[PDB]
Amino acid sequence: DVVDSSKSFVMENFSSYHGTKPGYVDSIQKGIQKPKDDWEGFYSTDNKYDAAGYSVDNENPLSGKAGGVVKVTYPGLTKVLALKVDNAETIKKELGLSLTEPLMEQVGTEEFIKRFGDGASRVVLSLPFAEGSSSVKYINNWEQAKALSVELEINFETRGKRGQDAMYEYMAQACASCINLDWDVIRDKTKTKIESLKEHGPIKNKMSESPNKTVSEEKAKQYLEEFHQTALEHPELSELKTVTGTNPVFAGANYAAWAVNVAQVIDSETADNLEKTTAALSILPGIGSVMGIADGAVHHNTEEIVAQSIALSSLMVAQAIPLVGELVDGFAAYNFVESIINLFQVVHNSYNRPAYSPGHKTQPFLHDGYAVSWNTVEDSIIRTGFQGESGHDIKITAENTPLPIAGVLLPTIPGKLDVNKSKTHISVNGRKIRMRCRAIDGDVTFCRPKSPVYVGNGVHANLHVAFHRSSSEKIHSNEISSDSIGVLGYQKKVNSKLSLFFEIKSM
């Protein structure tokens, strides 16, 4: 019951990876030893890029140096025992172990290695590494881990790069879409741009026109938006001017709101220390405006445009420190650039990692105040290759006032996929509402509720979509245009569009 046989195997020269903190990259290669409770043991993973994320200075985890990644290998045969649950008690009861001795102590006995090892010399436990990941984590008994041989995958400190660039440049190989930026180039171009802009003519003439004394947030954002406009005319920011001109997330006013907000929270104690600056910056809103990240996309994905945005942000913080600050320099050009760069790398890394987009599987689709999601993963799958019925639950609510649900657009395929008009319905806080379904064309049925549906704070709906298949012939991608069910919200003549994405699969 608790062992997943599909994830269990025996293997010769079983290898795994271990992230190593600075100062241990070379010592750990002399053998795994325990330092001077069911889960006490040596930890590793099958994904060396996830290993790399355990490698940062423990005293300065936000900003410190990354150590390395090493590869550990068991001689001979090793049993990888994948467990379906991470509760040790549940595991010891259901495997007939002694519920007293720790779980990882027993994993290392000869008696356990016989009952579960399949002839191998040792057992390693395997568990899901994390939600949203396909990696595994391996738990090794410490005594058994003395057999491991340890060699080097990478030493980030040996690369001799600034900040955490080496670690994140390594992690970006995972997707070698992919944001793979040369952060040496970006730093150098950033330094050059701040210098060449502080020594401009109208920028000089716009720093001349500055209150240069603690005024209210209002005059500050006004002057800062002015500065922004003036600074954006320089030819070293001309591409930035172009990619930030339409999307309102990238407007002067958000740069100004960013720079004001930075100056409010950065005092001298903080500005004096990189780790403290990064923590402070890392809890601010609006970092999307300077990163160029909006609508599910990293728009600023070239070294040149990123350097421009960071330089422009560097200037505006410099200008915002006297107007709404207790601080008295400099920070804008050094620790603020270091720190923001680190936050860039963090978010870029997130966007490079495989992830389900809004409205896919059980990820919510957030739009116009609505929140909609497939109730479970299986609901988002339209199974094919049988005659008969399926049902699919979509959750719907909204953030505050009552917003309508006008209906739902559903996919159909002549002969293979039909809306079951009798089982399809929508339920609002348990009130069950029937639907009037009408084909738009041969591929789309529109279903509208027979009484008004509203959702809002405290009011939710479950839309239950029922499909009927009149043939057992499978569906091929030729036949389906849409890959989404369109839930329609309020009308503005257009309807707000809430999309739930499905995949067609066999059993």
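From 1 onward, residues are counted along the sequence shown.
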Exercise for the section: State whether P35, though modelled here, is left unmodelled in a third or more of the other entries compared. Expected result: yes
Handout entry: Unmodelled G119 in at least one third of other entries with both flanks present
Key = no
Problem - Count class of deposited residues lacking coordinates, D329 to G330 - result: 1 to 3
Problem - Deposited residues omitted from coordinates between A176 and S177, as a class - result: 10 or more
Fill in the blank from the handout: Mean B factor on CA atoms, stretches 471 to 479 and 63 to 71, record says higher is 471 to 479
Problem - Mean temperature factor over C-alpha atoms, higher-scoring stretch between 203 to 211 and 276 to 284 - result: 203 to 211
Completion exercise
Of the residues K361, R383, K114, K189, the one whose Cα carries the largest B-factor in the deposited record is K114
Fill in the blank from the handout: Per the deposited entry, the peak Cα B-factor within the set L103, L409, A371, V249 goes to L103
Exercise for the section: Grab the CA temperature factor for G163 from the record and place it in the lowest, middle or highest third of its chain. Expected result: middle
Exercise for the section: Relative to the other modelled residues of the same chain, rank the CA B-factor of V455 and answer lowest, middle or highest third. Expected result: lowest
Exercise for the section: Please place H425 in the lowest, middle or highest third of its chain by C-alpha B factor as given in the entry. Expected result: lowest
Problem - Position of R448 among the chain's modelled residues by C-alpha B-factor, lowest, middle or highest third - result: lowest
Exercise for the section: Please place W183 in the lowest, middle or highest third of its chain by C-alpha B factor as given in the entry. Expected result: middle
